[PDB]
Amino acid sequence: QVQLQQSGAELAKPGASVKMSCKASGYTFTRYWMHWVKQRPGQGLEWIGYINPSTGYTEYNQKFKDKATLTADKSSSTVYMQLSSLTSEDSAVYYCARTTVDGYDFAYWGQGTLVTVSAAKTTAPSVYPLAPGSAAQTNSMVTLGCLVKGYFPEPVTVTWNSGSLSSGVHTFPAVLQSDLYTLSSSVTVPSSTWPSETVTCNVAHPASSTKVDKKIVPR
């Protein structure tokens, strides 16, 4: 299948630069154009520029002309996008997209690459388990939790039982506070399934090579 793998998240100091990638596969690299798009948190899409993998020809939005630079390596079938002189205004997720055959519309997209521009320093989160009060004698079902407090930058992933448990799950959006994000997740299951079944919370925060799993043991 057609597939576009974009590099991981990024945290850079103001005034610095950063260089993302997009690894393409599943189609002739040189047969389609590759576009890049920007999106600040909670805002719309914004076209940046495009590049012809085959010839290196490029065209940018006048607005990004001096900020972004597109390049391509035919031997590796990957496209790079480099941002310079970063500012808080550059903090957003960037997407690469392969065009349709005619080259006018975007048929395939990458997962995106989030970039955070801050003088703040990386910091691993702390994952605490959230188990019910104590009077377990209260109805059918049951909800559990997992608190991830005090990290930076914003990219973190939370799954339950490495993905097997996906039903009745709510991961709440991180909330910034004194340069430290705090996020939580809640999961519901049948009384019988717990503590009988082992419900573990897998948390990852690549920004600081932090990776942890937390079993939820009762009170």
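All residue numbers refer to positions in the sequence shown, first residue = 1.
- Averaged over their C-alpha atoms, the temperature factors of 125-133 and 99-107 are higher for 125-133.
- Note on 186-194 vs 147-155: mean CA B-factor is higher in 186-194.
- Comparing the listed residues 35, 65, 38, 31, the entry records the largest Cα B-factor for 65.
- Among 78, 82, 139, 116, the highest C-alpha B-factor recorded in the PDB entry belongs to 139.
- Split the chain's modelled residues into thirds by C-alpha temperature factor. Residue 21 is in the lowest one.
- The entry lists a Cα temperature factor for residue 72 that places it in the lowest third of the chain's modelled residues.
- In the deposited entry, the Cα temperature factor of residue 201 places it in the highest third of its chain's modelled residues.
- Sorting the modelled residues of the chain by their CA temperature factor places residue 27 in the lowest third.
- Compared with the other modelled residues of the chain, the Cα B-factor recorded for residue 160 ranks in the highest third.
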